[PDB]
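Peer 1: Before I ask anything, here is the structure I am working with.
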Amino acid sequence: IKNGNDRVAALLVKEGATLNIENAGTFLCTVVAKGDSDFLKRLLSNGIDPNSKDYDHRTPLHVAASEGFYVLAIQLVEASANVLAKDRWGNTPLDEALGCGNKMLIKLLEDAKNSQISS
Amino acid sequence: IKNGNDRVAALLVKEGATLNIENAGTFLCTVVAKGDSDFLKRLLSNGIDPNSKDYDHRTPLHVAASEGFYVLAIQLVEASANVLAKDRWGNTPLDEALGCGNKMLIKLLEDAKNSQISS
Amino acid sequence: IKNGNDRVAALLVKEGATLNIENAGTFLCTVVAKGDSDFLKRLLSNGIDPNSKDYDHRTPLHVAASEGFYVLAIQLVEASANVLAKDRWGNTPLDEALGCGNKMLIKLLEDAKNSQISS
């Protein structure tokens, strides 16, 4: 995946390939920090769980809201990985999105959270 | 350092060597999550920064103090680690240790706070 | 174990070896005094008794809990160490940990006490 050769990965997943990595929550949290949107798109194509949390119990929804990224959050919201999960500090990702700002993306995040809460 | 070969590690220090790891703050706070002490004790002997910030600007002192690591906290402050730091939301490591609740850690944090005040 | 050569240590275990040290209780409780975590962890892998009594009939759990060693306490109880022990004057390790004062240690001691009650 990191080499950009997704064609080979199709054969592997057809044979029963599983993407298991230690401390996946930390790995899935630092990818959005670098802004590698293309790299992140291939990750969810492998069926990896996006609800993993780091040592501080922070889902990728928390960092995406704090980072103020709209494109990354839109793809992450499509994965449907929780709506509002309390962290060690006790702050829900929805609350972090409102505090961070970005009303253009805050409304989209709120609508995505409302849709997730409705389901 | 990974295999504990301090004899070989000390040779490189004399001949000239340093630790160049991507996401030093993120990597260092992950080590303290497991709880190993000897692995990171020799790391500080190679000149690694103990105050490196993670993606959430969280010092390893915050990780050690919040979970309840005590023997590791004194090791970190032995490397002149800052104690008046703040997190992304805003919280001092001494306040975080006091918030969790530990008489022994509060006294150690107060001593660290006194050292910072004395400077 | 002294030099950390676990590779050589594991060979002796397979070929047949054991630790025969005079005053095992006195020696073991001295290990936790300095606070090294890697040294005593491999000791339990060789079958050393974690409940060996010292000259004052003090278990290593009492030494770790009284001073405030938390990461070592979970290591000792991982070797099926007794938690309802008594000292020469008479004091449970859970009571000693509670007497010193530690919210994290009290919960761990209560969990250890629950395991002893469940048996």
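Within each chain, counting starts at residue 1; across the structure tokens, chains are named A, B, ... in the order shown, with ligands numbered 1 upward in that order.
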As a PyMOL selection string, could you give me every residue of chain B near chain A (at most 9 Å apart, counting only C-alpha atoms)?
Peer 2: chain B and resi 23+26+29-30+33+55-56+63+89
Peer 1: Applying 12 Å and only C-alpha atoms, which residues near residue B:75 remain after dropping the ones on its own chain fewer than 6 positions away? List them as an MDAnalysis selection string.
Peer 2: (chainID B and resid 32 36:45 50 60:61 64 69 81 108 112) or (chainID C and resid 35:36)
Peer 1: Which residues are close to residue C:90, i.e. within 12 Å by only C-alpha atoms, leaving aside same-chain residues fewer than 2 positions away? Reply as a ChimeraX atom specification.
Peer 2: /C:56-59,62,84-88,92-93,95-96
Peer 1: Give me, as JSON, numbers by chain, the residues of chain B that a backbone DSSP run labels helix (DSSP H, G or I).
Peer 2: {"B": [6, 7, 8, 9, 10, 11, 12, 13, 14, 15, 24, 25, 26, 27, 28, 29, 30, 31, 32, 33, 34, 38, 39, 40, 41, 42, 43, 44, 60, 61, 62, 63, 64, 65, 66, 67, 71, 72, 73, 74, 75, 76, 77, 93, 94, 95, 96, 97, 98, 99, 100, 103, 104, 105, 106, 107, 108, 109, 110, 111, 112, 113, 114, 115, 116, 117, 118]}
